[PDB]
Amino acid sequence: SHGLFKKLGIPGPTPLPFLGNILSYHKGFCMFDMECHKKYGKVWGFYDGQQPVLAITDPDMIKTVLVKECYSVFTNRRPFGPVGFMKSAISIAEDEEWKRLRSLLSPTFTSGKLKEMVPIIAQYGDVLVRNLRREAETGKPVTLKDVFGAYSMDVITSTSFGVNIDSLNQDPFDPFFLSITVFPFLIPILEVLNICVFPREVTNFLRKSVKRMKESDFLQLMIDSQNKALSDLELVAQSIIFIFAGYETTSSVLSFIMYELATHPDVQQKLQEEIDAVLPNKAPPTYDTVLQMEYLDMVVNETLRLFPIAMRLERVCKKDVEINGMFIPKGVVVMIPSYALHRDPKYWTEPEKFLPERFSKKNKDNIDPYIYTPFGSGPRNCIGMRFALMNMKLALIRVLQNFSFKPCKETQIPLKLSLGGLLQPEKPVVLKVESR
Ligand code: HEM
Ligand SMILES: CC(C)(C)OC(=O)N[C@@H](CS[C@H](Cc1ccccc1)C(=O)NCCc1cccnc1)Cc1ccccc1
């Protein structure tokens, strides 16, 4: 089984018995992907253990995979376990079951459901300020992910359920998952053991805490179809997904943006200037004033080009296909190396520099949406994209209407990415905060 790509004529690095190419992850997914993209061109293959993985980078082939042939051939992501009752979570679910959850949960993030959440988000930003005004009136460097995650947790639990809890001081969220991929034949062993990559105690906290809400929103819109069709432990699982997403991703990106705003002071001023012009007198941001702000959008986009928190997009090939003139056999994992495409010199001038002018309306048309895919694409892209962009931007507006951000002696400059598996910084993001 380590001969597949040698036979297909697809180039790629030579695998070791059993491990495949996984020793190559010692420097991280993204470095390996960049290295392959440059050694091998537009297409290559490698092996996670015994699992063949075909990397593609052609914009047309990517659109075919994410969009043109999604329902028919590339419907699911790579199996990932042991998951337990979380198998029914939307982003883990497969084929017809995912289809049903997608259709069931899509009405949560409309322009009209988002627009109802702006008045309610508007409270925790003010908490976020006062929490920050304290750690500022005392010239003590601030950990952004702590105070951002605090605010993120606040918005999520209320956007979907209705629970309000000053997020300060709950909040429960590469050593072993390694063995999953040399030993994925061990996943079904672990499922029959109830063994879970979510420690059985974090989920047991909510295997009742959702039943405990309450009862007598995302939570609302689910019961209406609970009363085919719908369930309830399946309701707790969707909730856990949403609660992770809104906490960890929203807070992690906010921290990346503030780092870049701090290492590029002219961009921070330019942004504070735009916010005060749309929102004079520190006017409260509304749903519409957020979408009005173009440089805020450019800043956000440009951070997600540098720090795309998914790193790779993946789809299981569920049957033989010949896409854009190339044969792909059943079972291959097809992979888009997003981090690499975001930093590819053959699309982006000076790709390591934080330059938000790449996304000006003057320039944003030179940007292939199948190269720059921070939220995915096609029927299976990020279901929370608009809620996420809006959530962050309201945090940013409120925050920058009050404070500026400078580097500190301990600010890691330049910021190293974690060689681990998740797009995080090695050292946490600390910066000096000053009150306008
Ligand atoms: C800046 C924040 C976020 C980013 C960059 C992001 C990005 C992504 C990406 C790249 C995917 C995979 C798409 C694909 O494979 O084509 C995804 C999937 C998903 N995201 Fe997010 N996301 C963010 C925040 C959120 C939030 C706040 C939610 C809240 C519900 C959310 C819910 C989901 C779900 C449910 C999926 C699975 C979609 C499916 O399998 O049908 N995401 N996200
Ligand atoms: C750990 C590793 C990076 C190797 O592979 C995973 O990423 N595996 C997840 C399985 S689930 C799903 C998948 C996903 C999401 C975004 C991009 C690519 C793949 C998911 O939407 N997750 C919920 C929150 C979220 C995160 C990012 C963007 N949008 C939403 C990790 C996971 C498992 C169980 C609970 C929470 C997270």
# chains A, B, ... in the order shown; residues from 1 in each chain; ligands from 1
>>> residues_near_ligand(ligand="ligand 2", cutoff="7 Å", atoms="only C-alpha atoms and all ligand atoms", output="list in words")
residues 80, 91, 92, 241, 242, 244, 245, 249, 309, 310, 312, 313, 382, 421 and 422 of chain A
>>> residues_around(residues="stretch 102-118 of chain A", least_positions_apart="5", cutoff="7 Å", atoms="only C-alpha atoms", output="compact mmCIF listing (two decimals) with N, CA, C and O atoms, in the first residue's frame")
# COMPACT_ATOMS: atom_id res chain seq x y z
N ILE A 90 -22.00 17.92 13.97
CA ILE A 90 -22.20 18.22 12.56
C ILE A 90 -20.90 18.08 11.79
O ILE A 90 -20.85 17.43 10.74
N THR A 159 -25.25 33.73 22.93
CA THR A 159 -25.77 33.72 21.56
C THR A 159 -26.58 32.47 21.26
O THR A 159 -27.46 32.49 20.39
N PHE A 218 -29.77 29.32 19.16
CA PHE A 218 -29.33 28.02 18.66
C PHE A 218 -29.98 26.88 19.45
O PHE A 218 -30.47 25.90 18.86
N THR A 286 -23.19 49.32 15.42
CA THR A 286 -24.34 48.54 15.00
C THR A 286 -23.95 47.56 13.90
O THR A 286 -22.86 47.64 13.31
N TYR A 287 -24.85 46.61 13.66
CA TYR A 287 -24.67 45.59 12.64
C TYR A 287 -24.23 46.22 11.32
O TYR A 287 -23.34 45.71 10.63
N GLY A 384 -20.12 29.02 10.62
CA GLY A 384 -20.19 30.18 11.49
C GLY A 384 -19.45 31.40 11.00
O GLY A 384 -19.18 32.32 11.78
N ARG A 386 -20.05 34.15 9.09
CA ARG A 386 -20.58 35.50 9.28
C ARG A 386 -20.73 35.83 10.76
O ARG A 386 -20.47 36.97 11.18
N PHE A 387 -21.15 34.86 11.57
CA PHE A 387 -21.19 35.10 13.01
C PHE A 387 -19.79 35.36 13.56
O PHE A 387 -19.63 36.16 14.48
>>> closest_residue(among="A:259, A:280, A:329, A:392", to="residue A:412", atoms="only C-alpha atoms")
A:259
>>> residues_around(residues="residue A:148", least_positions_apart="3", cutoff="7 Å", atoms="only C-alpha atoms", output="compact mmCIF listing (two decimals) with C-alpha atoms, in the first residue's frame")
# COMPACT_ATOMS: atom_id res chain seq x y z
CA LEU A 144 -4.77 38.69 25.35
CA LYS A 145 -5.99 35.12 24.95
CA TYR A 151 -15.20 37.64 26.29
CA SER A 152 -15.58 34.94 23.61
CA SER A 251 -10.28 34.32 20.96
CA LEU A 254 -8.44 38.17 18.10
>>> select_by_dssp(residues="stretch 35-163 of chain A", states="helix (DSSP H, G or I)", output="PyMOL selection string")
chain A and resi 35-40+59-68+84-88+95-109+111-137+144-160
>>> write_last_selection(atoms="C-alpha atoms", output="short mmCIF file (atom, residue, chain, number, x, y, z; two decimals), in the first residue's frame")
data_model
loop_
_atom_site.label_atom_id
_atom_site.label_comp_id
_atom_site.auth_asym_id
_atom_site.auth_seq_id
_atom_site.Cartn_x
_atom_site.Cartn_y
_atom_site.Cartn_z
CA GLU A 35 8.59 22.20 1.54
CA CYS A 36 6.57 19.73 -0.55
CA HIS A 37 4.84 22.49 -2.51
CA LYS A 38 8.27 23.74 -3.56
CA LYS A 39 10.09 20.39 -4.13
CA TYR A 40 7.16 18.91 -6.09
CA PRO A 59 -7.53 26.52 -8.21
CA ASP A 60 -9.75 24.62 -10.69
CA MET A 61 -9.09 21.22 -9.12
CA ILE A 62 -9.74 22.76 -5.68
CA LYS A 63 -13.07 24.20 -6.80
CA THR A 64 -13.99 20.80 -8.25
CA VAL A 65 -13.21 19.13 -4.94
CA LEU A 66 -14.67 21.61 -2.45
CA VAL A 67 -17.67 22.55 -4.65
CA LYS A 68 -18.35 20.91 -8.03
CA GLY A 84 -18.00 8.55 21.18
CA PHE A 85 -21.42 10.25 21.24
CA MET A 86 -19.73 13.15 19.42
CA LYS A 87 -19.88 11.14 16.17
CA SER A 88 -23.19 12.89 15.62
CA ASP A 95 -23.03 11.83 4.08
CA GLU A 96 -26.80 11.91 4.63
CA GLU A 97 -26.58 12.48 8.37
CA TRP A 98 -24.40 15.58 7.94
CA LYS A 99 -26.76 16.78 5.18
CA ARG A 100 -29.65 16.67 7.66
CA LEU A 101 -27.70 18.50 10.39
CA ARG A 102 -26.47 21.11 7.91
CA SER A 103 -30.04 21.78 6.73
CA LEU A 104 -31.26 21.77 10.32
CA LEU A 105 -28.62 24.17 11.67
CA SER A 106 -28.14 26.53 8.72
CA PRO A 107 -30.91 29.03 9.75
CA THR A 108 -28.85 29.89 12.83
CA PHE A 109 -26.46 32.21 10.97
CA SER A 111 -28.26 38.05 8.30
CA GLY A 112 -31.48 38.38 10.32
CA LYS A 113 -30.43 36.05 13.15
CA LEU A 114 -27.01 37.70 13.34
CA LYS A 115 -28.66 41.13 13.41
CA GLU A 116 -30.65 40.12 16.51
CA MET A 117 -27.34 39.19 18.24
CA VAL A 118 -25.74 42.65 17.84
CA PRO A 119 -27.77 44.23 20.70
CA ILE A 120 -26.80 41.30 22.95
CA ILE A 121 -23.11 41.13 22.03
CA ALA A 122 -23.05 44.86 22.82
CA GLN A 123 -22.86 44.10 26.56
CA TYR A 124 -19.80 41.88 26.84
CA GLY A 125 -17.62 44.28 24.87
CA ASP A 126 -18.14 46.77 27.69
CA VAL A 127 -17.17 44.08 30.19
CA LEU A 128 -14.16 43.47 27.93
CA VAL A 129 -13.26 47.16 28.19
CA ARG A 130 -13.61 47.49 31.97
CA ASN A 131 -11.76 44.21 32.49
CA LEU A 132 -9.04 45.81 30.34
CA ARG A 133 -9.22 49.26 31.89
CA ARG A 134 -8.19 47.60 35.18
CA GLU A 135 -5.21 45.68 33.77
CA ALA A 136 -4.32 48.97 32.03
CA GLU A 137 -4.61 51.51 34.88
CA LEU A 144 -4.77 38.69 25.35
CA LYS A 145 -5.99 35.12 24.95
CA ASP A 146 -7.07 35.12 28.59
CA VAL A 147 -9.16 38.28 28.34
CA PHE A 148 -10.28 37.60 24.75
CA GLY A 149 -11.32 34.03 25.58
CA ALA A 150 -13.16 35.39 28.60
CA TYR A 151 -15.20 37.64 26.29
CA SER A 152 -15.58 34.94 23.61
CA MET A 153 -16.98 32.46 26.14
CA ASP A 154 -19.45 35.15 27.20
CA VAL A 155 -20.81 35.79 23.69
CA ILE A 156 -21.07 32.11 22.81
CA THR A 157 -23.00 30.90 25.86
CA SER A 158 -25.51 33.71 25.38
CA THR A 159 -25.77 33.72 21.56
CA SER A 160 -26.90 30.12 21.61
#
>>> residues_around(residues="residue A:401", least_positions_apart="4", cutoff="8 Å", atoms="only C-alpha atoms", output="short mmCIF file (atom, residue, chain, number, x, y, z; two decimals) with N, CA, C and O atoms, in the first residue's frame")
data_model
loop_
_atom_site.label_atom_id
_atom_site.label_comp_id
_atom_site.auth_asym_id
_atom_site.auth_seq_id
_atom_site.Cartn_x
_atom_site.Cartn_y
_atom_site.Cartn_z
N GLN A 272 -7.96 52.92 13.96
CA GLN A 272 -8.66 53.73 14.95
C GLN A 272 -9.29 54.95 14.30
O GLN A 272 -10.35 55.39 14.75
N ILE A 275 -12.72 53.82 12.58
CA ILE A 275 -13.76 53.56 13.57
C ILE A 275 -14.35 54.85 14.13
O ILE A 275 -15.57 54.96 14.33
N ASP A 276 -13.50 55.85 14.40
CA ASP A 276 -14.00 57.11 14.90
C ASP A 276 -14.77 57.90 13.84
O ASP A 276 -15.59 58.74 14.19
N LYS A 282 -17.25 57.73 20.15
CA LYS A 282 -17.32 56.32 20.54
C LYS A 282 -18.75 55.80 20.46
O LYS A 282 -19.22 55.10 21.36
N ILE A 397 -13.83 46.87 17.29
CA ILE A 397 -14.38 48.23 17.33
C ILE A 397 -14.41 48.75 18.76
O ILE A 397 -13.78 49.76 19.09
N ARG A 436 -6.67 55.46 25.75
CA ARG A 436 -6.89 56.67 24.97
C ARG A 436 -7.66 57.70 25.80
O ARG A 436 -7.06 58.56 26.46
#
>>> residues_around(residues="residue A:416", least_positions_apart="3", cutoff="9 Å", atoms="only C-alpha atoms", output="PyMOL selection string")
chain A and resi 412-413+419+424-427
>>> write_last_selection(atoms="N, CA, C and O atoms", output="PDB file, in the first residue's frame")
ATOM      1  N   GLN A 412       6.996  38.194  22.222  1.00  0.00           N
ATOM      2  CA  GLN A 412       7.795  37.368  21.324  1.00  0.00           C
ATOM      3  C   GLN A 412       7.731  37.964  19.921  1.00  0.00           C
ATOM      4  O   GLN A 412       6.684  37.918  19.262  1.00  0.00           O
ATOM      5  N   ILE A 413       8.845  38.541  19.470  1.00  0.00           N
ATOM      6  CA  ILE A 413       8.928  39.191  18.171  1.00  0.00           C
ATOM      7  C   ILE A 413      10.201  38.704  17.487  1.00  0.00           C
ATOM      8  O   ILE A 413      11.302  38.953  17.986  1.00  0.00           O
ATOM      9  N   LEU A 419       4.975  24.448  16.635  1.00  0.00           N
ATOM     10  CA  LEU A 419       5.265  23.273  15.825  1.00  0.00           C
ATOM     11  C   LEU A 419       4.323  22.131  16.133  1.00  0.00           C
ATOM     12  O   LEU A 419       4.422  21.077  15.499  1.00  0.00           O
ATOM     13  N   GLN A 424      -1.275  27.769  16.753  1.00  0.00           N
ATOM     14  CA  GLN A 424      -1.137  28.603  17.933  1.00  0.00           C
ATOM     15  C   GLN A 424       0.280  29.142  17.996  1.00  0.00           C
ATOM     16  O   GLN A 424       1.175  28.638  17.308  1.00  0.00           O
ATOM     17  N   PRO A 425       0.513  30.200  18.773  1.00  0.00           N
ATOM     18  CA  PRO A 425       1.888  30.663  18.958  1.00  0.00           C
ATOM     19  C   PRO A 425       2.547  29.863  20.064  1.00  0.00           C
ATOM     20  O   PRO A 425       1.904  29.507  21.057  1.00  0.00           O
ATOM     21  N   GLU A 426       3.837  29.566  19.874  1.00  0.00           N
ATOM     22  CA  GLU A 426       4.648  28.967  20.928  1.00  0.00           C
ATOM     23  C   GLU A 426       4.445  29.682  22.260  1.00  0.00           C
ATOM     24  O   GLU A 426       3.878  29.105  23.192  1.00  0.00           O
ATOM     25  N   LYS A 427       4.876  30.984  22.351  1.00  0.00           N
ATOM     26  CA  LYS A 427       4.658  31.739  23.577  1.00  0.00           C
ATOM     27  C   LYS A 427       3.335  32.498  23.452  1.00  0.00           C
ATOM     28  O   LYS A 427       2.939  32.888  22.349  1.00  0.00           O
TER      29      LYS A 427
END
>>> residues_around(residues="residue A:52", least_positions_apart="2", cutoff="8 Å", atoms="only C-alpha atoms", output="PyMOL selection string")
chain A and resi 2+4+45-48+50+54+332-333
>>> write_last_selection(atoms="N, CA and C atoms", output="compact mmCIF listing (two decimals), in the first residue's frame")
# COMPACT_ATOMS: atom_id res chain seq x y z
N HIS A 2 2.11 1.27 0.03
CA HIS A 2 2.94 2.46 0.00
C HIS A 2 3.39 2.65 -1.45
N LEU A 4 1.11 3.39 -4.02
CA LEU A 4 0.02 3.98 -4.80
C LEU A 4 0.50 5.15 -5.65
N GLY A 45 2.02 13.52 -3.27
CA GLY A 45 1.40 12.56 -2.39
C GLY A 45 2.32 12.09 -1.28
N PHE A 46 1.74 11.76 -0.14
CA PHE A 46 2.50 11.33 1.02
C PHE A 46 1.57 10.46 1.86
N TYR A 47 2.09 9.90 2.93
CA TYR A 47 1.37 8.84 3.64
C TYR A 47 1.37 9.15 5.13
N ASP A 48 0.17 9.28 5.70
CA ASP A 48 0.06 9.33 7.16
C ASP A 48 -0.04 7.89 7.61
N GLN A 50 -0.22 4.39 6.97
CA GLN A 50 -0.55 3.72 5.70
C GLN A 50 -1.57 4.50 4.85
N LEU A 54 -3.38 12.94 -0.90
CA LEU A 54 -3.00 13.66 -2.12
C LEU A 54 -3.18 15.16 -1.91
N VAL A 332 -8.41 7.74 -1.09
CA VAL A 332 -7.37 8.74 -0.90
C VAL A 332 -7.96 9.91 -0.12
N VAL A 333 -7.16 10.51 0.75
CA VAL A 333 -7.53 11.79 1.34
C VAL A 333 -6.96 12.89 0.46
>>> closest_residue(among="A:373, A:411, A:14, A:72", to="ligand 1", atoms="only C-alpha atoms and all ligand atoms")
A:373
>>> residues_around(residues="residue A:94", least_positions_apart="6", cutoff="9 Å", atoms="only C-alpha atoms", output="list in words")
residues 75, 76, 77 and 88 of chain A
